[PDB]
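Trainee: Here it is, the structure, as structure tokens.
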Amino acid sequence: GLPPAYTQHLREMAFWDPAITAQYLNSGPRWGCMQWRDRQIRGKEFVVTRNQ
Amino acid sequence: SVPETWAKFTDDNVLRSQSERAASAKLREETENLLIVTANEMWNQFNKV
Amino acid sequence: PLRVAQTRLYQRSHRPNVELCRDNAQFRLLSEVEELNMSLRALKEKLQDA
Amino acid sequence: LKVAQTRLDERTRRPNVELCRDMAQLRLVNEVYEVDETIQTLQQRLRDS
Amino acid sequence: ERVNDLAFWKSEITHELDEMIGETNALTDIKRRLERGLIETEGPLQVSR
Amino acid sequence: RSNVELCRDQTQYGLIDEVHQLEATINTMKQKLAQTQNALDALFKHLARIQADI
Amino acid sequence: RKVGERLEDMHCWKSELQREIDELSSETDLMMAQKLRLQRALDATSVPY
Amino acid sequence: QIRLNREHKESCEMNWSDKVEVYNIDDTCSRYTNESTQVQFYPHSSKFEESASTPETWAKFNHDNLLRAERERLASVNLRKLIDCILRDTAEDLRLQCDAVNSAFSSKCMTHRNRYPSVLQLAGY
Amino acid sequence: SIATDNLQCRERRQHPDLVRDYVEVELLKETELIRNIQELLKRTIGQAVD
Amino acid sequence: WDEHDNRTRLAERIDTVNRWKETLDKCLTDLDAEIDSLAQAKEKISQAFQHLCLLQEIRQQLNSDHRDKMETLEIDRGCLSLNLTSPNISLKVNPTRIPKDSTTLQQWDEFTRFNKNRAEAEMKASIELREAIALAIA
């Protein structure tokens, strides 16, 4: 049932990726720098979720 | 340890215990053989005398 | 009665997690098993001298 | 977050032979990271409300 | 399922323990028979001398 | 479930049929275990006589 | 002798646990009935607003 | 309070369930004698038992369950006797203020206020 | 990966040489140093993204 | 085999109650938008307020039915989530009790159908009221 990185952590030798969340499962980018912050200014339209 | 290593450790213990039981069983059968051969030998020499 | 005492001890050992108890029946059965073993040993000694 | 992470620490008092890492360790650390992420996104959206 | 596997291994251990106790008291019985037979073999030596 | 929702579906008939089968199943398994231990007692009862007469 | 006294000692505790679960059910059922009385009061105060 | 009652009912019943397990096995335990069948050599058993408690703590555990369960039940009794009283207060106060408004009118209002919930509808009967 | 492979390979030795020598001490120091360094690198990447 | 068959029966009944829940939610949203439209045209007036008083009661009764379907869906999902070696597995007392409600399937369907037919009749009568009020003003 477990995917393959969690299988190779149950092996003897350490061929695994050191960072625990996998690439193919995590929706967010790892250590990505972009984050859209909209400054609240009276007037124009505010919005959310510019990443997706 | 990994669970396969843990399970193989406990089966190695169980196989060692089974091996030692086998050695004791063979030893006790040979004790009975030594007893019957020894008794027959002494009585045969007794009757020759 | 060795068979009876051992089977009673086994069925009492297959008990759930809180009802498994240091019981009066447990002390009586332990004394019974010890007494039966000593009596069997004395009976075997009498057989050998016979 | 309470129940999962104290489940982790109340597990990890184990002795030497069974001090291991099964799937429960990996599923529990994934649990606590994703619950933490849910806390941050709900806090941010409460602030915007 | 982890604690169920632990229970299965415990049952295997106690099976081998029961067989092991049966072996060791059988072998003590055979040993005391051997000692009694040894003294009984010792006496006709005195007779022959 | 509350007052309008106790519906008495197919699931309640299925569950009572499973329980009603299950006491008979466990009873038959205990009966066969008792039969097997009786058989083991009889085999010991003749093994003793063979071992003595040898 | 001892098994009978342990049997009836446990039979007592089984009996008043048997009574207490029925008591809690018959309490909480009337608690639900009062909550059902409480809901339509909120409805019949929503109208006059 | 409904959910808390439900939880404590499950706790007390699970205690009763393990006691039913022990009562089920002691009844088969007592019916063994020296003549009848179903006996085998179980050699480690007298040597290697392990126990968890004493019969005093076996009693004390279910005293604590019944104590907490009855405290919870009486707290539910307290709240169910508060709810009906405050609902009577709400019904009386609304009917009083409506009558005061009608007296003010006397000193579209007829055609609207001619429909109104009564005391039994404010109570929910 | 290289260090853990050295650990299992040197642990697969035979009976009159299964010795806790200085090599195993240095291999354990290697495993500890590698994991500390890469976790420090993880936190530094987080701060540089922030 | 009997365990997996009962898995199948519970999953089927969760789907067939989710159908009624989502259609109740659709009718709820439609009725709220309709009350807003009728109140805007209010802003014959006596007949209109009588119609508002008649639409409101069906709105709360359908709200009650919708919440009941929410709770049924949640606890039946819990029933499907229960399997072997779950923690809260218990040897119950008297599991074959007829519940105190004793409600059959046909009644359980026709009550919600009664609610829906009353709601749709109220909607069409209010549509007639809307066109009559516009005609009167002009």
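Simple scheme: letters A, B, ... for chains in structure tokens order, numbers from 1 for residues in each chain, numbers from 1 for ligands in the order shown.
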Give me the residues within 10 Å of residue 18 (chain B) as an MDAnalysis selection string, counting only C-alpha atoms and dropping any in the same chain fewer than 6 places off.
Mentor: (chainID B and resid 12 24) or (chainID E and resid 16 19:20)
Trainee: With C-alpha atoms retained, export the selected residues as an mmCIF file, in the first residue's frame.
Mentor:
```cif
data_model
loop_
_atom_site.group_PDB
_atom_site.id
_atom_site.type_symbol
_atom_site.label_atom_id
_atom_site.label_comp_id
_atom_site.auth_asym_id
_atom_site.auth_seq_id
_atom_site.Cartn_x
_atom_site.Cartn_y
_atom_site.Cartn_z
ATOM 1 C CA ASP B 12 16.787 -18.135 14.334
ATOM 2 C CA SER B 24 19.355 -34.236 23.114
ATOM 3 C CA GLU E 16 8.589 -24.166 21.626
ATOM 4 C CA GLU E 19 8.278 -28.798 24.053
ATOM 5 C CA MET E 20 11.625 -27.709 25.497
#
```
Trainee: Leaving out residue 19 (chain F) and any residue of its chain fewer than 3 positions from it, which residues lie within 12 Å of it when counting only C-alpha atoms, given as a CSV table (one decimal) with N, CA and C atoms, in the first residue's frame?
Mentor:
```csv
chain,number,residue,atom,x,y,z
F,12,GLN,N,-30.5,-4.2,8.2
F,12,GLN,CA,-30.9,-4.8,9.5
F,12,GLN,C,-31.3,-6.3,9.3
F,13,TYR,N,-32.0,-6.7,8.3
F,13,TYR,CA,-32.2,-8.1,8.0
F,13,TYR,C,-30.9,-8.8,7.7
F,14,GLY,N,-29.9,-8.2,6.9
F,14,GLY,CA,-28.7,-8.8,6.7
F,14,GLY,C,-27.8,-9.0,7.9
F,15,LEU,N,-27.9,-8.1,8.8
F,15,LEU,CA,-27.1,-8.2,10.0
F,15,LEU,C,-27.6,-9.2,11.0
F,16,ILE,N,-29.0,-9.3,11.1
F,16,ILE,CA,-29.5,-10.3,12.0
F,16,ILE,C,-29.4,-11.7,11.4
F,22,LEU,N,-24.0,-16.9,13.0
F,22,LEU,CA,-22.7,-17.0,13.6
F,22,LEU,C,-22.8,-17.8,15.0
F,23,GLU,N,-23.9,-17.8,15.7
F,23,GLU,CA,-23.8,-18.5,17.0
F,23,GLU,C,-23.8,-20.0,16.6
F,24,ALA,N,-24.5,-20.5,15.6
F,24,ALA,CA,-24.4,-21.8,15.1
F,24,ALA,C,-23.0,-22.2,14.6
F,25,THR,N,-22.3,-21.3,13.9
F,25,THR,CA,-21.0,-21.6,13.5
F,25,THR,C,-20.0,-21.8,14.6
F,26,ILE,N,-20.0,-20.9,15.6
F,26,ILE,CA,-19.1,-21.0,16.7
F,26,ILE,C,-19.4,-22.2,17.6
J,2,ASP,N,-19.8,-12.6,3.4
J,2,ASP,CA,-20.9,-11.8,4.0
J,2,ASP,C,-20.5,-10.4,4.4
J,3,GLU,N,-19.2,-10.3,4.9
J,3,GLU,CA,-18.7,-9.0,5.3
J,3,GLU,C,-18.6,-8.1,4.1
J,91,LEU,N,-19.1,-5.8,21.9
J,91,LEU,CA,-20.1,-6.9,21.9
J,91,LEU,C,-21.4,-6.4,22.6
J,92,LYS,N,-22.3,-6.0,21.8
J,92,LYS,CA,-23.4,-5.2,22.3
J,92,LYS,C,-24.5,-6.1,23.0
J,94,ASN,N,-28.5,-6.9,23.0
J,94,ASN,CA,-29.8,-7.1,22.2
J,94,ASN,C,-29.7,-6.3,20.9
J,95,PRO,N,-28.9,-6.8,19.9
J,95,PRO,CA,-28.7,-5.9,18.7
J,95,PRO,C,-30.0,-5.9,17.8
J,96,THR,N,-30.9,-6.9,18.0
J,96,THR,CA,-32.0,-7.0,17.1
J,96,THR,C,-33.3,-6.3,17.7
```
Trainee: Quick one: residues within 12 Å of residue 4 (chain A), only C-alpha atoms counted, chain neighbours fewer than 3 positions away excluded, as an mmCIF file with N, CA and C atoms, in the first residue's frame?
Mentor:
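Final output, part.cif:
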```cif
data_model
loop_
_atom_site.group_PDB
_atom_site.id
_atom_site.type_symbol
_atom_site.label_atom_id
_atom_site.label_comp_id
_atom_site.auth_asym_id
_atom_site.auth_seq_id
_atom_site.Cartn_x
_atom_site.Cartn_y
_atom_site.Cartn_z
ATOM 1 N N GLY A 1 0.805 -1.217 0.000
ATOM 2 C CA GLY A 1 0.000 0.000 0.000
ATOM 3 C C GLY A 1 0.840 1.269 0.000
ATOM 4 N N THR A 7 8.899 2.611 0.905
ATOM 5 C CA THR A 7 9.406 1.249 0.877
ATOM 6 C C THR A 7 10.911 1.209 1.037
ATOM 7 N N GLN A 8 11.630 2.113 0.373
ATOM 8 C CA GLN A 8 13.084 2.100 0.461
ATOM 9 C C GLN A 8 13.601 2.722 1.746
ATOM 10 N N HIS A 9 12.740 3.356 2.539
ATOM 11 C CA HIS A 9 13.147 3.651 3.905
ATOM 12 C C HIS A 9 13.154 2.406 4.782
ATOM 13 N N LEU A 10 12.405 1.365 4.413
ATOM 14 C CA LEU A 10 12.433 0.089 5.121
ATOM 15 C C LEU A 10 13.441 -0.886 4.530
ATOM 16 N N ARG A 11 14.478 -0.386 3.878
ATOM 17 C CA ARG A 11 15.592 -1.202 3.436
ATOM 18 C C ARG A 11 16.769 -0.975 4.370
ATOM 19 N N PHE A 15 19.478 4.642 0.590
ATOM 20 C CA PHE A 15 19.310 5.217 -0.738
ATOM 21 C C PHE A 15 18.127 6.173 -0.823
ATOM 22 N N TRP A 16 17.590 6.615 0.307
ATOM 23 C CA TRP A 16 16.372 7.407 0.300
ATOM 24 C C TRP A 16 16.679 8.899 0.246
ATOM 25 N N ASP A 17 15.687 9.663 -0.196
ATOM 26 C CA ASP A 17 15.770 11.118 -0.132
ATOM 27 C C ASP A 17 15.680 11.569 1.320
ATOM 28 N N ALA A 22 7.445 13.639 -0.220
ATOM 29 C CA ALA A 22 7.856 13.242 -1.557
ATOM 30 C C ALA A 22 7.501 14.306 -2.595
ATOM 31 N N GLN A 23 8.165 14.224 -3.749
ATOM 32 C CA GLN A 23 7.912 15.167 -4.832
ATOM 33 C C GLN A 23 6.577 14.908 -5.510
ATOM 34 N N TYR A 24 6.259 13.645 -5.777
ATOM 35 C CA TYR A 24 5.055 13.309 -6.527
ATOM 36 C C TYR A 24 3.779 13.355 -5.696
ATOM 37 N N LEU A 25 3.871 13.522 -4.379
ATOM 38 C CA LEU A 25 2.666 13.583 -3.561
ATOM 39 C C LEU A 25 2.343 14.996 -3.090
#
```
Trainee: Could you work out which residues of chain J fall inside 12 Å of chain E? Count only C-alpha atoms, and format the result as JSON, numbers by chain.
Mentor: {"J": [84, 85, 86, 87]}
Trainee: Between CA of residue 23 (chain H) and CA of residue 35 (chain F), what is the distance, to one decimal in Å?
Mentor: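 CA of residue 35 (chain F) lies 23.9 Å from CA of residue 23 (chain H).
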Trainee: Would you return as an NGL selection string the members of chain F that DSSP assigns to alpha helix (DSSP H) on this structure's backbone?
Mentor: :F and (10-53)
Trainee: Any idea what's packed within 9 Å of region 32-43 of chain B, counting only C-alpha atoms, ignoring anything in its chain fewer than 2 positions away? Could you give it as a PyMOL selection string?
Mentor: (chain B and resi 27-30+45-48) or (chain E and resi 30+34+37+41)
Trainee: Please produce a file of those selected residues containing C-alpha atoms, as a compact mmCIF listing (two decimals), in the first residue's frame.
Mentor:
```txt
# COMPACT_ATOMS: atom_id res chain seq x y z
CA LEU B 27 21.96 -38.48 22.84
CA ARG B 28 19.24 -40.17 24.92
CA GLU B 29 18.69 -42.91 22.31
CA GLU B 30 22.41 -43.61 22.28
CA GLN B 45 31.62 -62.72 30.04
CA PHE B 46 30.03 -63.82 33.35
CA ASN B 47 28.55 -66.92 31.75
CA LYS B 48 31.84 -67.81 30.01
CA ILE E 30 17.41 -40.94 31.69
CA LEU E 34 22.16 -44.25 34.12
CA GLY E 37 22.70 -48.71 36.47
CA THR E 41 27.35 -52.58 37.33
```
Trainee: With distances taken over only C-alpha atoms, which of J:16, J:34, J:124, J:90 is nearest to chain H?
Mentor: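 Selected residue with least distance to chain H: J:90.
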Trainee: I want to know what sits within 9 Å of residue 76 (chain J), based on only C-alpha atoms, with residues of the same chain fewer than 2 positions away left out; could you give that as a PyMOL selection string?
Mentor: chain J and resi 10-11+13-14+71-74+78-81
Trainee: One decimal, Å: what's the distance from CA of residue 30 (chain D) over to CA of residue 7 (chain I), could you say?
Mentor: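 Rounded to one decimal, the two atoms are 28.4 Å apart.
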